[PDB]
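Structure record follows, encoded as structure tokens.
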Amino acid sequence: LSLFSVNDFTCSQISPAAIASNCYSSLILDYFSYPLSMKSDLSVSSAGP
Amino acid sequence: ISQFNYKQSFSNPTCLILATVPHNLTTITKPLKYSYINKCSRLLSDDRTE
């Protein structure tokens with residue numbers, strides 16, 4: 001997160017400290033080219049394209 | 001039952017009874033269902049380190 005610049009950080013059923021501190025069985029990291037212009041459609045409880 | 005629900009003491013002569021009242025003693029009233037606790041744990045701020 002320090003390497004990049006934070007623009008949006010939204011989570012469901014979990015807190016930022018929970019994901020950043022809790023130990024997990026195996027973390028899955030997905031990255032993609034997502035512009036900030038369509039932030040209304042990148043959400044867990046969203047119906048965007 | 002033992003680890004969350006009901007425990008006896010090893011340090012004493014504890015004896016155990018299981019009984020049933022078929023019909024006669026109407027003085028006792030029956031419950032709706034049997035409820036027994038299976039999980040009881042304290043969740044710290046450590047976020048699922050339980």
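Reminder, nothing fancy here: chain letters follow the sequence lines and each chain counts from 1.
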A:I19, part contacting chain B, at a heavy-atom distance under 4.5 Å: neither
Can you pull out the donor-acceptor contacts between chain A and chain B, under 3.5 Å, including backbone atoms?
{"residue": "A:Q13", "atom": "O", "partner": "B:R48", "partner atom": "NH2", "Å": "2.6"}
{"residue": "A:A18", "atom": "N", "partner": "B:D47", "partner atom": "OD2", "Å": "3.4"}
{"residue": "A:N22", "atom": "ND2", "partner": "B:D47", "partner atom": "O", "Å": "2.9"}

Closest approach of A:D41 and A:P49, non-hydrogen atoms and distance? OD1-CD, 3.4 Å
Are the side chains of A:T10 and A:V44 in touch, meaning some heavy atoms are under 4.5 Å apart? no
Quick one, A:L1 and A:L3 - any side-chain contact, counting heavy atoms below 4.5 Å? no
Could you work out the complete set of other residues in the hydrophobic cluster of A:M38, with links drawn between I, L, V, M, F, W and Y side chains under 4.5 Å apart? A:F32, A:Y34, A:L42
Restricting to pairs with a member in residues 28-39 of chain A, which pass salt bridge (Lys or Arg N to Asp or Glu O under 4.0 Å), not counting sequence neighbours? A:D8-A:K39
Hydrophobic cluster of B:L43, others only, ordered by chain and residue number, side-chain cut-off 4.5 Å: none
